[PDB]
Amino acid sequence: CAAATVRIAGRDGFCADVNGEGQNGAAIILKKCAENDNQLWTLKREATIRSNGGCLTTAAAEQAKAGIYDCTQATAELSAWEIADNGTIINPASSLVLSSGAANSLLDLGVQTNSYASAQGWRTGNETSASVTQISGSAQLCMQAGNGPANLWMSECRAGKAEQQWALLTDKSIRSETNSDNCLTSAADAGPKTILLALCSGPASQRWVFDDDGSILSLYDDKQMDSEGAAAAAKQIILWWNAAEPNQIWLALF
């Protein structure tokens, strides 16, 4: 009703941190998630994400990088941020979004343009670990990993097999539970080819988000998770647009 305090996770479950502590001009890095004071961000009513007393500002020593700064010494436009369900955290004035070049600890956090990448996907919330759930879809069929985790269609649910289990990371990426290295990928969507599993390269094509309309949307192309028709036990899944098909509906039973 005025001011709440949570955490900000992202790339491969790494947390958004403030280089040690410092004050004014201290860059933000990707640090392992812990209950640190320099790890907690206060989301406020005027849209200014503040931490150790300072606001999160966009600097430009030439480029653009997240950083802390006196909320009074900084220009509004540089202190107002905007978080959306797609998993994006943008600065309306600049039009630049929070991004993480590489998935490495203590790696400086940078601000770039909206590629809708997975390297730019975040998740504000105290719970930061990966949510391991069971994704159910068309005709009460579960999502499994066809062949060696490299392709995936649908199959009956066993109710206890890790092949149909999936991990949801804070970077809006659907990964496997027994191999959090590879994750849901897209393709050259322009012409229903197929969705499968490759190693998490962090492109704007491995980022999904579960919308309230009941489906999984991929911010990049605004397409949703669909099936080729019905064949689910040895076939494939594609990316198609808003057709309100009941087949585009999925539910992550946790």
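Note that residue numbering begins at 1 and tracks the sequence as displayed.
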property	result
Average Cα temperature factor in the PDB entry - higher stretch of 98 to 106, 177 to 185	98 to 106
Stretch with the greater mean C-alpha B-factor as recorded in the entry, comparing 25 to 33 against 189 to 197	189 to 197
Of the residues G229, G214, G202, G54, the one carrying the largest Cα B-factor as recorded	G229
Candidate residues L219, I68, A59, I49, the one whose C-alpha B factor the record puts highest	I68
B-factor third for the C-alpha atom of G10 within its chain	lowest
Third of chain Cα B-factors occupied by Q120	lowest
Chain thirds of CA B-factor: placement of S155	lowest
Ranked against its chain, the third holding the CA B-factor of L43	highest
B-factor third for the C-alpha atom of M143 within its chain	lowest
